[PDB]
Amino acid sequence: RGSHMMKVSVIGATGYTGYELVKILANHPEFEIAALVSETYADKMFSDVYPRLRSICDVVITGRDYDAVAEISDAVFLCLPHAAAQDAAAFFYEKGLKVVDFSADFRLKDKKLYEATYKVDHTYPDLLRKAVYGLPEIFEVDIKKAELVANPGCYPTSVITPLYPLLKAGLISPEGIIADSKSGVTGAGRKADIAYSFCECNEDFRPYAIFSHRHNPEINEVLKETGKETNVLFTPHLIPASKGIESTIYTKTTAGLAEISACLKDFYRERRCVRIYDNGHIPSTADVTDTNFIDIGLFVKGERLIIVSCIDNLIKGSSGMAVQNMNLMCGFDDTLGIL
Amino acid sequence: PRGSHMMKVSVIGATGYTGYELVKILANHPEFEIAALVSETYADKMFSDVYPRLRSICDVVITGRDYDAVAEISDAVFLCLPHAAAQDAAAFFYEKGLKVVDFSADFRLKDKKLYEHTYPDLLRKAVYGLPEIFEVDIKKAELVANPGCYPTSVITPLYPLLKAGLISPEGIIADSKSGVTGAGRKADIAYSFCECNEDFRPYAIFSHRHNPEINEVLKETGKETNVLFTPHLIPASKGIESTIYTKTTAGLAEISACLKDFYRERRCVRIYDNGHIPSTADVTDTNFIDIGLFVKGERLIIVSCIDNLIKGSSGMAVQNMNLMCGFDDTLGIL
Ligand code: NA
Ligand code: NA
């Protein structure tokens with residue numbers, strides 16, 4: 001209704017995650033957009049860059065003035081790349097804003113692991129200790145008290161969410177897990193690279209980053225929080241489609257389907273974004289594209305458990321989760337303005 | 001140009017996507033010459049009425065299912081017929097002395113028990129037509145079962161490694177992905193443009209018919225495997241990629257040496273061990289199988305890519321026919 005209105009800004013607003021985030025913020029009943037920052041498209045209206053939003057979000061894009069942003073905003077979403085994200089997050093944090101950082105810079109509590117993976121130095125160790133990993137259906141208790149939240153990566157969301165309760169309850173082995181995952185091309189971001197051009201990706205399907213994708217350590221670092229050390233092997237693939245992630249996950253269980261289903265449905269019992277199937281239904285990316293849902297299908301044969309996990313990469317894998325995090329930091333329901 | 005060793009060949013069930021790709025290859029083949037193209041649905045239409053891309057290339061008039069007429073004008077026949085029909089046709093042309101390649105599954109598994117099958121005597125005689133492995137058996141046969149498309153991408157890289165004992169036979173996982181042409185020319189809502197476009201999905205979990213095919217054939221290595229196979233539908237027309245997870249004790253150089261030695265004379269097999277990752281666009285519209293190899297500690301990851309309608313079907317079928325007819329297996333392909 002506007003009674004608990006808060007001003008929110010987006011830094012790095014013209015990438016694909018910024019577009020999905022603005023779409024949500026525009027219709028959110030308590031967040032009011034204050035600034036949309038992009039150094040490249042400054043002095044243009046957001047609807048000049050994204051004409052689909054003409055007459056819905058016509059806010060004039062401004063340049064990088066962080067003092068300007070802090071003085072007009074209660075909260076900021078950072079869609080910046082690494083390193084720049086650290087400086088901005090640190091600035092807006094001490095100014096007293098609520099901060100959601102899309103980047104990886106504050107996700108990994110282990111500083112050397114970060115520097116080794118991202119090949120850049122981490123210069124805010126105390127802030128790194130304070131940041132909360134933004135998986136709303138798992139770490140809600142901690143997010144509600146946070147002022148700095150590291151938004152999870154898109155592939156880690158699709159793999160962590162179904163595995164977390166089963167590891168913690170001891171129903172699957174922590175060793176030998178294979179996640180064979182596939183994403184739409186929007187996962188590369190708004191890029192001019194030849195490798196992301198239409199003619200190179202259209203009709204093509206490929207693995208990439210074999211034994212080397214920066215999300216594999218994130219998955220295993222977070223799942224350690226279940227009390228069990230994991231060695232998930234993660235391999236991504238590029239789908240000739242704009243949006244959508246599917247993860248096929250292979251595990252070993254001593255339990256039967258009924259117990260595995262009860263563990264997941266009990267753990268996610270109040271979480272409207274989590275849709276769990278145990279009846280033979282197979283999630284596909286079209287079931288979750290343009291939604292904030294995560295769909296999980298369960299299949300058991302003997303000791304083999306296969307999990308199919310689907311999300312929209314830009315919404316449950318990024319912007320929608322970012323708004324759930326912001327909702328939670330602001331005292332709102334996690335699904336406010338979402339579903 | 002007609003060749004000095006010309007032979008006549010017919011195609012039964014010619015108007016599906018496998019028949020289309022097969023006709024493309026036959027029309028350019030320097031020795032095979034098309035005699036009949038049979039399709040009860042499109043009889044009395046020219047092949048290029050169904051596939052206008054082939055206009056002025058293959059304008060052969062399609063005929064109905066009169067198998068005596070085919071046998072009288074053909075030295076050999078390709079059967080792209082559905083289950084059961086394929087059994088009677090292959091029994092007929094075998095009696096009449098024709099070389100036969102059957103695209104269906106009805107003659108792939110020697111063990112009748114897995115099928116449950118009429119013609120059990122004939123089932124004994126059918127040869128599994130994986131040309132880069134069973135060449136010996138193929139040349140001496142009169143009935144070949146063309147292998148399935150997914151088994152082709154998975155058996156081919158795993159066979160030598162199991163035989164040489166370089167990977168474990170237990171615990172192998174094949175996570176495989178295919179273009180929609182793998183469903184054949186069908187009027188099903190599930191295969192419509194609007195249902196498949198922009199969508200990606202696993203299917204047939206724990207239940208795809210190609211998965212016992214993979215394991216039955218790999219038993220010929222001397223190893224009892226339990227390959228877990230899961231297929232997925234790509235929103236693209238053609239192409240298979242198989243990501244294969246194995247356990248090895250051997251190093252990259254040894255695994256590579258095994259594969260490149262076992263396939264050293266086989267021009268359709270392209271093996272990479274240098275970090276190059278194959279993609280479906282590298283093999284689409286070709287008869288190549290591209291294999292990438294990746295080792296970390298005890299983990300071997302294999303990436304295997306084919307055109308599902310050519311190397312996984314029609315181009316392989318012409319390899320099998322070439323071999324049965326005394327030609328080099330890549331004649332008219334490379
Ligand atoms: Na709003
Ligand atoms: Na020809």
Side-chain angles (χ1 to χ4, degrees), chain A residues 176-185 195 199-212 216 231 233 235-250 252 280-290 295 297-302 304-310, chain B residues 171-180 190 194-207 226 228 230-247 275-285 290 292-297 299-305:
Chain A
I177 297 162
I178 298 184
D180 192 288
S181 310
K182 304 87 158 159
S183 175
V185 184
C199 296
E200 299 290 314
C201 299
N202 189 45
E203 296 299 291
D204 182 44
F205 182 85
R206 58 190 176 96
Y208 63 100
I210 298 180
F211 301 126
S212 73
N216 206 335
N231 70 334
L233 169 60
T235 308
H237 304 72
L238 194 64
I239 304 163
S242 289
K243 301 212 281 175
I245 276 170
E246 188 265 331
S247 290
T248 304
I249 307 165
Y250 305 86
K252 292 283 197 53
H281 173 92
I282 299 180
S284 86
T285 54
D287 301 335
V288 295
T289 287
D290 298 324
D295 287 18
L298 304 164
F299 311 86
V300 176
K301 179 187 111 271
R304 173 67 63 184
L305 165 65
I306 293 171
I307 303 154
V308 168
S309 182
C310 287
Chain B
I172 296 168
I173 300 176
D175 192 285
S176 304
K177 302 86 167 174
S178 170
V180 183
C194 297
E195 301 286 322
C196 296
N197 189 39
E198 295 298 294
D199 182 42
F200 181 96
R201 57 181 173 100
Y203 61 105
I205 292 165
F206 295 131
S207 62
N226 63 334
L228 174 60
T230 309
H232 301 71
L233 197 67
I234 307 165
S237 289
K238 301 205 291 163
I240 275 173
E241 185 269 325
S242 285
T243 303
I244 306 163
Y245 299 87
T246 71
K247 296 287 204 107
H276 172 86
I277 307 180
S279 83
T280 55
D282 303 343
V283 292
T284 292
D285 296 332
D290 282 21
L293 303 161
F294 308 86
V295 171
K296 201 170 168 301
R299 177 62 66 187
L300 167 62
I301 294 173
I302 301 157
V303 169
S304 189
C305 285

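Reckoned from all heavy atoms, side chains included, excluding hydrogens, waters and symmetry mates. All chains are named by letter (A, B, ...) in the order of the sequence lines, taking the proteins before the strands, and each is independently numbered beginning at 1.
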- Closest heavy-atom pair and its distance - A:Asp204, B:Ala281: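 Nearest heavy atoms, A:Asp204 then B:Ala281: OD1-N, 2.9 Å.
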Name the member of [options] that forms the most heavy-atom pairs with chain A at distances under 4.5 Å.
options	answer
B:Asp282, B:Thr230, B:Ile240	B:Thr230
B:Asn197, B:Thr280, B:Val303	B:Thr280
B:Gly239, B:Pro235, B:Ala236, B:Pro202	B:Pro202

- Taking C-beta and beyond as the side chain, do A:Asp180 and B:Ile173 meet within less than 4.5 Å on heavy atoms?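 Not in contact.
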Could you tell me which portion of [X] (side chain, backbone, both or neither) has an atom closer than 4.5 angstrom to a non-hydrogen atom of chain A?
X	answer
B:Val295	backbone
B:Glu241	side chain
B:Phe206	side chain
B:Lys296	both
B:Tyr245	side chain
B:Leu228	side chain

- Message: Among A:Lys182, A:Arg206, A:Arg304, A:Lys243, which residue has the highest count of heavy-atom pairs closer than 4.5 Å to chain B?
- Response: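 When all of A:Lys182, A:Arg206, A:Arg304, A:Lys243 are compared, A:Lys182 has the most.
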- Task: Using the side-chain contact (heavy atoms from CB on, under 4.5 Å) rule, take A:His237 and B:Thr243 through it: C-alpha gap first, then chi angles, then the decisive distance, then the call.
- Result: CA-CA 10 Å; A:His237 304 72; B:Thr243 303; 2.9 Å; yes
- Reported SG-to-CZ distance for the pair A:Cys310 and B:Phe200, which is rounded to 0.5 angstrom: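 Here the rounded value is 9.0 Å.
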